[PDB]
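Report on the structure
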Amino acid sequence: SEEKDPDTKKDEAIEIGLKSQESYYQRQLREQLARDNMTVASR
Amino acid sequence: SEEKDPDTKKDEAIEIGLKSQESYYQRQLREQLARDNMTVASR
Amino acid sequence: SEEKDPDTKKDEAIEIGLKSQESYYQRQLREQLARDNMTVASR
Amino acid sequence: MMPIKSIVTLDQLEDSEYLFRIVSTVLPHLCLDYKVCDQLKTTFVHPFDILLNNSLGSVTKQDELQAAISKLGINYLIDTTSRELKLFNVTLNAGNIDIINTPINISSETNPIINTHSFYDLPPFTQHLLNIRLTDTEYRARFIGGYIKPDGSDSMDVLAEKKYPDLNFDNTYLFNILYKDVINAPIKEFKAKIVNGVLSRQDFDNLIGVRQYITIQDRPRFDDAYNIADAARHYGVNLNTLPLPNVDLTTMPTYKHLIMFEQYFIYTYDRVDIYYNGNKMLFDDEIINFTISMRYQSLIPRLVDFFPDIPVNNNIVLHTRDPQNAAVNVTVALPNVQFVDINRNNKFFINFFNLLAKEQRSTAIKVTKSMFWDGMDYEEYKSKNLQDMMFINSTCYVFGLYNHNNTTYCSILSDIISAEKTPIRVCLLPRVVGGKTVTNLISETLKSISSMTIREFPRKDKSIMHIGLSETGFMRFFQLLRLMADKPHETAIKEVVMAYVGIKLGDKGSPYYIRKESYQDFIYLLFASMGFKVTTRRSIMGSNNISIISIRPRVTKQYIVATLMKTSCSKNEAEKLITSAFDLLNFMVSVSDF
Amino acid sequence: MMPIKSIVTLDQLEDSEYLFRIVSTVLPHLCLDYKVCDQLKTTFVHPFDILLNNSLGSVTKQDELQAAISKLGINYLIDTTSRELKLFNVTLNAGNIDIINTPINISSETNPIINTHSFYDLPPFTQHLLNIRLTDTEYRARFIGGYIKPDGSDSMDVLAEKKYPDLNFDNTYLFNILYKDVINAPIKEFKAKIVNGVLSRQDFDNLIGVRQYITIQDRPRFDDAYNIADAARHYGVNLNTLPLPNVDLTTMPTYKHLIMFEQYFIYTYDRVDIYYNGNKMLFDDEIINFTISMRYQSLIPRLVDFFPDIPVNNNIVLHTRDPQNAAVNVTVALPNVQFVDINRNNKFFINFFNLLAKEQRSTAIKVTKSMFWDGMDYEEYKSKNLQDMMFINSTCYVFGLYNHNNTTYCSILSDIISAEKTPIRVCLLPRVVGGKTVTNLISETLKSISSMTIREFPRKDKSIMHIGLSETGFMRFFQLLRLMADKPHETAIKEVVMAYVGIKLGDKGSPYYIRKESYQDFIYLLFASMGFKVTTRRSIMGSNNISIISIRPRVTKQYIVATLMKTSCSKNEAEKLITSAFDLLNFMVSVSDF
Amino acid sequence: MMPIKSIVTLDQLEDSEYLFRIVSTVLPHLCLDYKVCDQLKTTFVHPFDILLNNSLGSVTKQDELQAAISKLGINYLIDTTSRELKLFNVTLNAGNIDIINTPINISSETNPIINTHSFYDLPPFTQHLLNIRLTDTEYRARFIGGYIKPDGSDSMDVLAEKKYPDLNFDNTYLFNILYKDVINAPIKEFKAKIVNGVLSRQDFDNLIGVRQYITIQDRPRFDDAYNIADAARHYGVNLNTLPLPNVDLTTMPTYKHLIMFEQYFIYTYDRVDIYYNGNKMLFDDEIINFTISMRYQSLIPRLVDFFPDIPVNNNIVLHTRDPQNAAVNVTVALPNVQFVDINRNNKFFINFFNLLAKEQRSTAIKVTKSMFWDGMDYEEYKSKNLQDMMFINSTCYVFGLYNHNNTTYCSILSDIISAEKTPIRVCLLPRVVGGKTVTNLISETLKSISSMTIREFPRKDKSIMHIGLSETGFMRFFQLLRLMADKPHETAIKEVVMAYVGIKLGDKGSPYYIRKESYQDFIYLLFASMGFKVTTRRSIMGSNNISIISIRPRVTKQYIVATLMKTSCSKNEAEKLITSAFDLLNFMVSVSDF
């Protein structure tokens with residue numbers, strides 16, 4: 001029963017945290033790639 | 001044993017009746033289609 | 001265990017004998033085909 | 001203080017030892033005048049057990065058996081063609097039946113009372129049915145066991161959430177399915193019979209019809225799969241001079257063969273093109289809806305009786321192309337014709353029309369109330385006397401029907417009562433030994449002894465080397481003596497006397513001569529089992545180790561007669577027991593001073 | 001000289017007769033002050049039995065049960081995704097569990113002690129677990145039965161050659177898996193839930209995410225397999241106005257949906273192309289290693305704790321093509337990022353990361369020592385008194401743990417001892433009847449009788465037509481009287497008295513009025529079972545066949561009190577038995593001169 | 001009047017309680033001079049049970065076992081390659097055997113006598129064999145159980161409608177098949193062994209030969225499936241410097257590798273073209289008929305002995321093409337060569353030639369008459385004495401062979417007799433406990449007691465805290481005392497005395513010191529079980545609840561000696577029982593006034 005699995009709310013909190021970490025690493029990635037793109041566009 | 005299934009004779013009587021009904025409806029069909037073909041050949 | 005299957009030595013003796021018979025028949029075969037090849041090369 | 005599970009229920013031994021408690025723990029408390037209920041003198045056995053082994057039919061009621069055969073035949077065809085969950089878990093092949101080793105599904109609908117019996121004394125399909133009946137819904141059990149509801153208000157309908165249709169007519173389906181000699185074709189859906197090594201005439205003519213509708217490319221693989229060439233040669237039929245089929249639905253003389261192609265062969269061979277009045281048909285769904293409606297027009301209302309929601313229309317739409325390749329929708333609307341849509345389960349509905357068509361040309365089957373299936377009301381059971389309840393619980397398996405979560409279940413009666421459920425009905429299955437119901441064995445035994453005119457008590461004789469039983473009687477009796485122990489002397493006498501008589505009543509053979517070597521040990525076992533104090537004095541006289549057997553109390557007419565009169569309902573009974581056990585009593589009296 | 005296998009162990013009957021030996025072969029040797037061990041008042045039942053039938057939870061310890069549910073949930077996911085040999089032999093479906101009919105593998109690792117018990121009295125998964133526990137390694141048994149090692153040094157680790165990881169956190173996996181209403185899609189790997197006839201919101205949003213990564217060609221077959229169109233319409237979602245997915249791994253906002261595609265859908269649908277910073281990716285092995293490492297970066301050390309040998313690197317190499325179709329190897333090395341290679345078993349490692357991620361956001365489960373799993377030390381067992389050993393071996397199944405070939409096995413304790421193996425521990429399972437542990441039934445019975453203030457012994461009354469038991473009490477009692485026989489009179493009295501009281505203690509119903517027809521036979525059975533000499537004089541007076549019942553020795557306050565005092569640990573006990581059995585004793589005294 | 005199925009046959013308990021009836025219901029009626037039959041001192045156990053667990057071999061006759069191992073090996077190869085219905089229902093894998101969960105086929109050929117035994121005390125393949133033997137034809141049972149017909153006219157041939165060939169020679173097939181370390185290739189037909197982590201030399205050389213005949217396209221998939229590259233590197237073999245195969249059948253030096261390709265590999269890899277004298281071969285059927293005939297020319301007559309109908313010719317026709325692509329039929333006719341056609345079951349006939357070729361280079365196996373398989377004639381059985389029949393029916397499973405519908409069947413002997421069938425022979429299987437046949441245990445026990453010089457009867461001593469048994473002896477004995485009840489005092493004494501001695505004879509350990517806490521309860525159980533009137537006076541003296549144990553009749557040398565002399569065949573026997581039970585009698589006499 002969708003209403004009455006308490007884990008639905010734990011799991012939302014779990015996904016939010018995973019996507020948050022994932023978004024952070026995706027930003028570190030895009031920042032590294034931005035630094036590298038700018039330096040390649042000048043080397 | 002082919003000779004000693006009494007149902008072989010019931011089943012023949014059953015098929016004869018089904019094919020008889022089927023032949024009747026096939027004739028009603030061909031009669032309707034004949035009436036329709038003749039009227040289409042004049043409309 | 002490869003070292004301690006006594007049948008490995010029986011089986012070697014078996015293969016040797018089978019290949020020996022096989023080699024004999026293969027020779028009878030090639031001898032018959034040699035006789036036939038020489039006669040065809042002259043007929 | 002002994003362990004618990006040691007009082008085996010009336011239900012977990014072998015046959016010989018399951019005769020012993022009947023002979024020692026039912027028969028000595030029955031008076032000779034006790035009437036066994038007649039319904040209990042036959043028992044249920046599953047039709048499959050009997051079709052494979054006709055001898056098992058002997059303990060059954062013939063009219064219930066023939067009915068069950070025809071009924072199972074119908075139920076199986078329904079279930080087998082159903083897309084719903086199979087209620088059967090066996091496969092009927094040519095000549096044999098496979099019990100399928102299905103996964104044990106366990107769900108909210110499993111009988112919430114666990115079954116603690118294994119039923120290893122019953123024939124395998126009978127045993128299998130009981131396992132299902134006790135673990136599943138009563139509805140499933142009745143369906144697979146070929147139950148027919150008897151005429152009368154006292155038949156009980158069982159709660160179940162879903163049910164198949166309930167057709168009932170005489171038929172030979174099981175004999176046709178179980179026919180041993182069939183072509184082992186890659187398509188198993190058509191069981192082409194072999195008669196005298198050649199494909200049957202009926203099947204040959206059928207397949208010849210179907211062949212007309214197969215493509216030129218696939219005909220070789222078809223002809224090979226059914227050995228048509230040999231059959232044609234044997235039946236004189238020149239395949240090359242068969243006519244082209246009339247592929248136009250309007251002038252086609254019978255749809256029978258086209259329907260058979262659709263039913264058994266479409267999924268393996270390519271068909272020729274089908275036409276309506278010169279236009280090519282675009283959908284096989286439309287072809288099958290048209291042909292079935294035309295062939296079975298008279299049964300459509302009767303189909304609607306089981307399937308109200310099934311679409312029935314006064315017209316049908318056929319999507320076609322003209323020869324000029326233009327899409328033409330033909331709406332067919334014939335006077336007094338109706339069209340049914342069967343697409344969502346064509347194979348089932350085609351087979352269902354065949355069942356209906358046969359039913360319309362067969363008689364319905366009537367049956368009496370079954371003590372196995374319908375049983376008795378729980379109040380009627382509780383109204384019985386204490387001896388009847390002892391007899392039932394000592395000669396039959398005893399079951400109850402009960403309701404839970406809007407479903408009827410069956411379980412052993414004790415376990416329903418223990419689970420604090422209320423039984424609605426009590427259902428019985430008389431147990432069987434030596435090809436008879438035990439109930440009937442008892443009935444016959446009591447009658448036979450009762451019928452004996454009383455003879456004189458035997459006089460002491462010399463050199464009696466037999467107890468009148470044959471070899472096979474003597475050996476059964478001897479096994480039973482090894483099981484007779486520690487009982488009160490007077491009762492032990494009556495029990496051994498009744499054991500002898502129960503065997504003697506089936507004992508066709510000439511008397512068996514006890515071997516000299518065995519003779520003293522037999523004397524010992526017989527008197528010890530009866531609870532006489534046997535005393536074996538070994539005296540060494542010279543080199544010889546003489547054994548003298550002394551039995552106390554002394555075997556005398558007064559001692560035996562008095563001992564049996566205590567344990568008998570009347571003096572007449574005691575004298576009729578003495579009369580039936582004459583040879584044994586002649587032996588005993590003749591060896592008592594040995 | 002009777003046959004051997006006739007002393008059935010405490011373990012092969014049905015329930016009613018397994019109550020009889022408790023009542024006749026444990027309870028009359030216990031003094032009313034005997035304390036049953038509290039650990040034995042609950043018993044183990046397998047979580048599957050209880051999830052399908054919650055009533056079976058009643059005899060279990062709740063805190064061990066909830067723990068086992070969550071633990072099994074984890075173990076099953078590990079095993080199911082493992083490429084190694086499955087330790088489970090059941091399939092959890094929607095609404096039901098299938099026991100799989102696996103081939104009986106027999107090897108050098110099979111328990112060298114054969115199991116001689118069938119356990120047909122236990123719920124089917126409980127029974128199934130025991131069969132495995134006794135034939136296989138103890139490691140397998142603990143894993144499938146959802147064992148959690150309790151806190152403390154006295155929990156024994158079991159020798160086994162290979163083991164799965166041991167995660168432990170609260171979860172609802174089993175309730176989700178066993179959810180009855182799911183789309184029956186051809187791909188069973190994704191159990192899309194149906195709520196109010198429509199695919200669930202959580203699943204719909206998930207599938208909508210996944211759909212973005214499916215090709216234009218395959219989207220129709222996907223949308224059909226999960227009925228996405230209806231779900232979209234119901235959820236207001238216009239599929240046509242969904243955005244194009246960001247297929248570049250660098251700017252993709254979540255890898256969640258791409259990972260789900262790889263986990264459940266790659267093996268059935270074609271994917272769109274995936275890019276890294278404008279370059280097309282060449283290998284899915286690289287895509288799955290990148291996305292998982294980025295999504296679960298924080299758990300990589302914790303994975304290495306279970307799998308030390310798993311490759312973890314400070315960089316990854318992605319083989320790509322530029323838009324100009326030149327092969328470009330991109331080496332990605334982000335500050336404070338590590339990359340794990342999961343190629344061996346992607347499906348397992350993806351699921352393992354999910355378990356770890358949930359564990360990091362769940363509490364760990366704590367449990368007490370289980371008498372079923374952990375048992376007691378063999379020395380501790382041998383230190384017990386003779387009555388405790390009789391009670392245990394008469395109310396519980398009794399198992400031992402032993403080592404052979406560097407593996408721990410479990411077998412019945414007698415069989416370990418008989419195979420000259422040394423038990424390390426003794427494990428117990430209290431047997432159950434009528435929804436209670438038998439141990440607890442005894443505990444309650446003893447307590448109740450002990451608590452009774454002593455009443456006067458009943459005085460002789462007229463026309464007592466009941467023994468105070470209800471219908472269901474009376475019928476259980478009557479069955480038990482048919483089993484009571486041949487015992488010493490004094491003991492037979494105490495056993496029948498204790499039987500009555502044990503039933504009376506659960507007997508909610510108004511007294512049952514013995515039918516007049518049954519009344520004499522009941523009198524006979526009751527006094528005969530108690531070992532009184534019942535004498536039934538049939539005297540023909542005129543046309544009437546009068547039966548007079550004479551019982552010896554005479555039922556009197558002194559006779560009963562004296563007889564019970566011999567068989568009781570104290571006079572107080574005898575008087576408390578008399579007090580608890582008052583109605584029965586009132587009946588007896590009132591019919592003794594009948 | 002208790003229920004029926006309660007005298008459990010000699011066949012449905014566990015081990016300890018199946019020792020109890022031997023000790024209480026065989027041993028006290030045997031005189032110390034009774035000779036157990038020597039054939040009964042070993043028992044049959046199925047070779048599979050022993051190959052996996054060598055300890056089970058201990059109760060078997062070694063010469064029957066080695067024979068059965070070699071015989072099963074042959075029978076399995078025949079059956080496995082047969083296209084006919086498999087007589088085996090197990091799969092022999094590397095390191096393990098799977099019992100296959102085959103559907104229960106039920107037919108007109110099923111044994112018409114139902115089997116009412118479960119045999120849960122027997123090793124799993126032994127148990128499995130018995131189930132088959134009792135439900136199926138005796139022919140099937142003998143074939144799967146590796147029966148060899150013994151030398152002599154008294155070996156009975158069994159009626160069956162069809163039979164496999166009967167080859168008999170020593171071999172190691174089962175040890176090779178069950179070898180644990182093999183490459184898990186997708187083709188299971190070739191079990192390539194791994195030795196020291198690398199494919200075996202014999203298999204490597206074989207596969208290298210086969211590889212030559214695989215196409216350039218398929219060689220990679222082959223080399224990968226068997227890890228040929230590593231094996232080649234390990235064996236120093238440069239694959240690149242292997243020669244081209246001689247693909248011409250005329251100058252090919254051995255057909256061995258081409259035949260192996262056809263036997264194990266054709267169904268998975270493409271072959272190179274094969275030539276005859278320069279012409280390409282058109283049919284693999286012709287290639288396999290030629291190569292086999294040439295390789296096994298000497299065995300063709302011996303094949304015809306089993307298969308008379310098999311086509312053998314003095315020539316063969318090979319359909320070929322010349323290099324100019326013209327069809328040329330070559331008729332090959334070589335001096336003193338014959339050609340056999342094996343096409344309709346090539347895989348079987350190739351394997352059958354290998355069996356014949358090995359038989360021609362192995363010795364035949366000779367065996368003695370098996371009491372399990374051949375048994376004794378039914379008349380010979382019936383000629384035996386009453387004690388022998390009691391001993392047999394109390395230490396062995398007892399079977400009979402009987403004929404019905406021109407087929408021989410086996411069933412339990414009672415059930416043949418009950419079904420009014422006539423047994424032809426009686427077959428026996430001595431039951432096993434603690435790794436010995438029970439028959440032999442009895443033989444040893446009787447011998448040991450008989451051999452004892454008589455000692456003095458023990459004198460009354462102080463503070464005896466042991467009965468001389470070890471811990472494991474004492475605990476087995478204590479279990480047995482809990483099973484000793486209600487028996488006549490004189491007999492109960494002899495039975496308990498014989499129980500002690502039977503344990504004492506296997507009791508390796510130092511005496512067990514009865515714990516002070518247990519000591520009174522042990523005294524009670526021991527004298528109560530022996531049927532002494534134990535009287536426990538509880539007297540409250542001050543605050544202390546003193547228990548005094550009084551045993552009647554008094555334990556004295558005269559009482560015991562007199563009591564045992566009544567129950568013993570001679571005075572000498574009574575004194576030898578006293579001598580063997582010395583420690584126990586010393587205990588008893590020392591506690592009788594306690």
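Residues numbered from 1 in each chain as written, not as in the entry; some residues may be left out. Chains lettered and ligands numbered in written order. Heavy atoms only, no water.

Within the PDB entry, the label attached to chain D reads Core protein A10, and the organism entered is Vaccinia virus WR.

Going by what the PDB entry lists, chain A is known as Core protein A4 and is assigned to Vaccinia virus WR.

1. Focus: the interface of chain F and chain C
By a frequent convention, interface size equals the accessible area lost on bringing the separate parts together. Counting residues at the interface gives 32 residues for chain F and 22 residues for chain C. Summed over both partners, the interface of chain F with chain C comes to about 2300 Å²; 52% of that surface belongs to carbon and sulfur atoms. Where chain F meets chain C, there are four salt bridges. For F:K358, the salt bridge is made with C:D11, and the minimal N-O distance between the two is 3.1 Å. (Contact = heavy atoms within 4.5 Å. Buried area = accessible area lost by both parts, 1.4 Å probe. Salt bridge = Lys/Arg side-chain N within 4 Å of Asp/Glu carboxyl O.)

2. As for the domain arrangement of chain D
According to the domain assignment, chain D consists of domain 1 (44–171 + 365–430), domain 2 (273–345 + 357–361) and domain 3 (439–591). Taking the mean C-alpha position of each, domain 2 of chain D and domain 3 of chain D sit 80 Å from one another. (Domains from an automatic or database assignment.)

3. Focus: the side chain of F:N289
Residue and element names in this part refer to chain F. Within the element layout of this structure, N289 appears in helix α11 (residues 284–295). A relative accessible area of 6% means that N289 is categorised as buried. Discounting chain neighbours no more than four positions away, the residues touching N289 are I316, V340, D341, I342 and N343. (Helix = DSSP H or I, 4+ residues; strand = E, 2+ residues; numbered from the N terminus. Buried < 20%, exposed > 50% of the residue type's maximum accessible area, 1.4 Å probe, protein only.)

4. Focus: the packing of aromatic side chains
The final tally for this structure, using the stated rule, is 129 aromatic pairs over all chains. Judged by centre distance (4.9 Å) and plane angle (40°), the rings of E:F119 and E:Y397 are tilted. Taken together, the residues span a long stretch of sequence, with E:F119 in the loop between β3 (104–107) and α4 (124–135) and E:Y397 in strand β13 (residues 396–404) at a distance of 278 residues. What makes E:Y397 buried here is its relative accessible area of 2%. Here the aromatic rings of F:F190 and F:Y226 are separated by 6.0 Å at their centres, their planes lie at 75°, and the arrangement is edge-to-face. Remark: F:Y226 occurs in the loop between α8 (219–225) and α9 (228–234) and F:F190 occurs in the loop between α6 (173–177) and β4 (194–195); sequence separation between them is 36 residues. Using a relative accessible area of 10% as the deciding quantity, one classes F:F190 as buried. One aromatic cluster in this structure is built from D:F44, D:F119, D:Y147, D:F372, D:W373, D:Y397 and D:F399. (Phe/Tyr/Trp six-rings, centres within 6.5 Å; stacked < 30°, edge-to-face > 60°.)

5. Section: the interface of chain D and chain E
Contacts between chain D and chain E engage 40 residues on the former and 55 residues on the latter. Together, the buried faces of chain D and chain E total about 4300 Å²; carbon and sulfur atoms form 59% of this surface. On the surface where chain D and chain E come into contact, there are four salt bridges. Between D:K382 and E:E471 there is a salt bridge, with the nearest N and O atoms lying 2.9 Å from each other. At the surface where chain D touches chain E, the tally comes to 17 residue pairs in polar contact. Of all elements in the fold, only β3 (104–107), α14 (378–382), α15 (386–392), α16 (413–418) and α18 (471–483) of chain D reach the threshold of two or more residues within the side of chain D that touches chain E. Across four bridges, β3(D) lies against strand β2 (residues 96–99) of chain E in antiparallel orientation. Following the sheet pairing, D:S107 is matched in β2(E) by E:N96. (Polar contact = N/O pair within 3.5 Å; in protein donor to acceptor, adjacent residues only side chain to side chain. Pairing = 2+ DSSP bridges.)

6. Here we look at the sheet that holds strand β14 (residues 407–412) of chain E
All names here are of chain E. Pairing in this open sheet of four strands is antiparallel, and the strands run β12-β15-β13-β14 from one edge to the other. A single partner strand is all that each edge strand has here, and the edge strands are β12 (376–377) and β14. When β13 meets β14, the two strands line up antiparallel, connected through six bridges. By the bridge assignment, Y402 is partnered in β14 with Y409. The strands touched by α4 are β13, β14 and β15 (425–430); relative to β14, the strand with the most contacts, the crossing angle is about 125°. (Axes fitted to C-alpha atoms, helices over the stretch in contact; angles between N-to-C directions.)

7. Quick notes on the relation of the copies chain D and chain E
Mapping chain D onto chain E calls for a rotation angle of 120° and an axial translation of 0.0 Å; the resulting RMSD is 0.0 Å. These values place the two chain copies in the arrangement generated by a three-fold rotation axis. (Least-squares fit on C-alpha atoms.)

8. Quick notes on the environment of D:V158
Residue and element names in this part refer to chain D. Locating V158 in the fold gives a position in the loop between α5 (138–144) and α6 (173–177). We classify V158 as buried; its relative accessible area is 8%. For the pair formed by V158 and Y409, sequence separation is 251 residues and the distance between their alpha carbons is 8.3 Å. Contacts of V158, omitting those with residues within four sequence positions, involve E138, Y139, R142, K163 and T408.

9. Topic: the pattern of salt bridges
Per the stated rule, a full pass over the model turns up 135 salt bridges over all chains. The closest approach of N and O atoms between C:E31 and C:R27, which form a salt bridge, is 2.7 Å. With C:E31 and C:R27 both in helix α1 (residues 7–40) and four residues apart, this pair spans about one turn of that helix. As a salt-bridge pair, F:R515 and F:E517 come within 2.8 Å of each other at their nearest N and O atoms. Here F:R515 falls in the partly exposed class, since its relative accessible area comes to 29%. Residue F:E517 is classed as partly exposed on the basis of its relative accessible area, which comes to 48%. Connected through salt bridges with shared partners, the residues A:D7, A:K10, A:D11 and E:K358 form a single ionic network.

10. Some thoughts on the side chain of F:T395
Residues and elements named next belong to chain F. You can see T395 is positioned in the loop between α15 (386–392) and β13 (396–404). A polar atom in the side chain of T395 sits 2.7 Å from the backbone oxygen of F391. Each residue touching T395, except ones within four places of it in the same chain, is listed here: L10, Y18, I22, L429, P430, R431, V438, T439 and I442.

11. Quick notes on the pairing of strand β2 (residues 96–99) of chain F
All names here are of chain F. The two faces of β2 match: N96 and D98 on one face and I97 and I99 on the other face are all buried. Across three bridges, strand β1 (residues 90–92) lies against β2 in antiparallel orientation. Its bridge partner lying in β2, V90 is registered against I99. Hairpin connection between β1 and β2: a loop of three residues separates the two successive antiparallel strands, and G95 in this loop has a positive phi of roughly 75°.

12. Digging into the state of the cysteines
Enumeration over the complete set of coordinates arrives at three disulfides over all chains. Across the disulfide from D:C31 sits D:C569; the S-S distance is 2.0 Å. On the sign convention where negative is left-handed, the bridge of D:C31 and D:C569, at about -80° about the S-S bond, is left-handed. Here D:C569 lies in the loop between α21 (557–567) and α22 (571–580) and D:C31 lies in the loop between α1 (17–25) and α2 (47–52), a separation of 538 residues in the sequence. We classify D:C569 as partly exposed; its relative accessible area is 35%. In this structure E:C410 is not part of a disulfide, and its nearest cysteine sulfur, from E:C427, lies 6.1 Å away. Residue E:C410 is classed as buried on the basis of its relative accessible area, which comes to 0%. Between F:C396, a free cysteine, and F:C37, which holds the nearest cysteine sulfur, the sulfur-to-sulfur gap is 8.8 Å. Residue class for F:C396 comes out buried when judged on its relative accessible area of 2%. (Disulfide = S-S within 2.5 Å.)

13. A few points about the environment of E:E444
Residue and element names in this part refer to chain E. Assignment of secondary structure puts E444 in helix α17 (residues 438–451). Residue class for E444 comes out partly exposed when judged on its relative accessible area of 31%. Polar contacts involving the side chain of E444 include one to the side chain of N440, which spans 2.7 Å.

14. A word on the sheet that holds strand β10 (residues 327–332) of chain E
Residue and element names in this part refer to chain E. With respect to topology, four strands assemble into an open sheet ordered β6-β7-β9-β10, the strand pairing being antiparallel. Strands at the two margins of the open sheet, each flanked by one partner only, are β6 (275–276) and β10. Across the sheet, helix α11 (residues 284–295) lies against β6, β7 (279–281) and β9 (316–321), angled at about 130° from β9, the strand it touches most.

15. So, α1(C)
Here α1(C) contains 34 residues, and its C-alpha end-to-end distance of 48 Å stays within 8% of the 50 Å for a straight helix at 1.5 Å per residue. The set of residues buried in α1(C) consists of C:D7, C:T8, C:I14, C:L18, C:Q21, C:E22, C:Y25, C:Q26, C:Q28, C:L29, C:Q32 and C:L33. Summarising the contacts, the buried residues of α1(C) are in contact with α7 (201–211), α10 (256–265), β6 (275–276), α11, β10 (327–332) and α13 (346–359) of chain F. (Expected span 1.5 Å × (residues − 1).)

16. Here's the deal with unusual backbone geometry
Cis geometry marks the peptide bond from E:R552 to E:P553; its omega dihedral reads -5°. Within the element layout of this structure, E:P553 appears in the loop between β19 (544–552) and α21 (557–567). Backbone geometry at D:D486 places phi at a positive 55°, although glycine is not the residue there. Within the secondary structure layout, D:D486 lies in the loop between α18 and α19 (489–504). The exposed category is assigned to D:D486, whose relative accessible area is 68%. Look at F:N325: it is not a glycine, yet its phi comes out positive at around 65°.

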